[PDB]
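One-letter residues, chain by chain:
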Amino acid sequence: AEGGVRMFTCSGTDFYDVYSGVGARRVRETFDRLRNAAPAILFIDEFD
Amino acid sequence: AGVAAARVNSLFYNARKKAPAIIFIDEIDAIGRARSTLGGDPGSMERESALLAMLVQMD
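Residues numbered from 1 in each chain as written, not as in the entry; some residues may be left out. Chains lettered and ligands numbered in written order. Part of a larger assembly, values for the part shown. Heavy atoms only, no water.

(A) Quick look at the overall build of chain A. For chain A, the count of helices and strands is two helices and two strands. Along the chain direction, N to C, the helices and strands of chain A fall in the order β-α-α-β. Across its three principal directions, the C-alpha atoms of chain A cover 40 × 25 × 10 Å. Within chain A, the fraction of its 48 residues that count as buried is 8%. (Helix = DSSP H or I, 4+ residues; strand = E, 2+ residues; numbered from the N terminus. Buried < 20%, exposed > 50% of the residue type's maximum accessible area, 1.4 Å probe, protein only.)

Okay, structure coming up:
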C-alpha cells in the first residue's frame, strides 16, 4: 500500500500438487504475468 | 496412486455442496501424520498427496 504497487499472492499448496510437469508451466506463467504487470510484489506463504 | 486425494476431493465437494454440514474423520493419525524426512514409499506418496489435498480443501 505505502509503496503503491499491485500485490500478487499464492500459497505453498497449489504449486506442490503432485501432478507431474505442471509446476514448470505454472511458475513460468506467473512470472511472465508479474513481468508484464510489473512493478509488483509476489507474496508466497509457507515457501518451504 | 491419486486415489486418496481424489476421494478427499469428492468428499469435500459433496460436503460443500450441502452446506451447512459436518464431517468427522475418525483416526486422522493415518492421514495427518507428520511428513517424515525420508522413506521412498508409494504409500508415503499417497499420504503426502492426501495430506496436502486435505490442507488445500480446508483452505
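(B) Inspection of helix α2 (residues 22-37) of chain A at higher detail. All names here are of chain A. Taking 1.5 Å of rise per residue, the 16 residues of α2 would be expected to cover 22 Å, and the 22 Å separating its terminal C-alpha atoms lies within 8% of that figure. Buried residues of α2: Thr-30, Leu-34 and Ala-37, and no others. Projected down its long axis, α2 carries its buried residues within an arc of 80 degrees, all on one side. Turned more than 90 degrees away from the buried face of α2, the exposed residues are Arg-25, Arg-35 and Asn-36. Where α2 is buried, its residues contact β1 (6-11), α1 (12-15) and β2 (40-45). (Expected span 1.5 Å × (residues − 1). Arc of directions from axis to C-beta. Contact = heavy atoms within 4.5 Å.)

(C) Local environment of the pattern of salt bridges. Residue and element names in this part refer to chain A. Using the criterion set out here, one finds one salt bridge over all chains in the structure. Notably, a salt bridge pairs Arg-35 with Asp-32, separated by 3.7 Å at the nearest N-O pair. With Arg-35 and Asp-32 both in helix α2, this residue pair falls three residues apart, about one helical turn. Given a relative accessible area of 35%, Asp-32 falls into the partly exposed group. (Salt bridge = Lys/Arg side-chain N within 4 Å of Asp/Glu carboxyl O.)

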